[PDB]
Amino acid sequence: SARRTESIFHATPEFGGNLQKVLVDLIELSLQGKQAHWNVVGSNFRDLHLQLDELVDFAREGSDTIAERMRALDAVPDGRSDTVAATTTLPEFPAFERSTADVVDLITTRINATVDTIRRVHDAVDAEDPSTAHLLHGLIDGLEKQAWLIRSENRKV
């Protein structure tokens, strides 16, 4: 009666490209987070070691969320190492052992870079699909929380 006949959302390829930008930075952040997690040394090692894993957990869940949102709307994600390295906007993480103080500053900057990407694409994403912007909001919130939890170590008052 209100039933429709069988003959049954299309996202633009630009929209997919915007999600792809978010994806590579989330993957890069997870990879750098693990690097820091392994190679951080010095005062308050353990807290940083543990917090960095929490960050990585969130970034990995986030990248799965974004990639699978792309798939739901029939976009095609690319999370391959070469693509991530070639297209990420995050500054490269330095090699070797790094002091806890250095790691705090480095990782804060890299989180902030990842968040910036999401904030940069937000309005274009929101205009086409507010339901995707919903996921972006959760990511921004969770990442900016991680930034606060990590950077607070270096704050002098």
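All residue numbers refer to positions in the sequence shown, first residue = 1.
Report, from the record, the number of residues in the deposited sequence between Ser1 and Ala2 that have no coordinates, as none, 1 to 3, 4 to 9, or 10 or more. Gap size class: none, per the record.
Pick one of none, 1 to 3, 4 to 9 or 10 or more for the number of deposited-sequence residues not modelled between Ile8 and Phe9. Going from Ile8 to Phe9, the model skips 1 to 3 residues of the deposited sequence.
Per the PDB record, is the mean Cα temperature factor higher over 91-99 or over 57-65? The stretch with the larger average C-alpha B-factor is 91-99.
Just to confirm, going by the entry's C-alpha B-factors, which of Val115, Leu48, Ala127, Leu31 comes out highest? Reading the PDB entry, the winner on C-alpha B-factor is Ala127.
Tell me, lowest, middle or highest third: where does the Cα B factor of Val24 rank within its chain? It falls in the bottom third of the chain.
Cα B factor band for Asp141 (lowest, middle or highest third within the chain): CA B-factor rank for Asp141: middle third.
Ranking every modelled residue in this chain by its Cα temperature factor as given in the entry, which third contains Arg119? Middle third.
Among all modelled residues of this chain, ranked by Cα B factor, put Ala147 in the bottom, middle or top third, i.e. lowest, middle or highest. Middle third by C-alpha B-factor.
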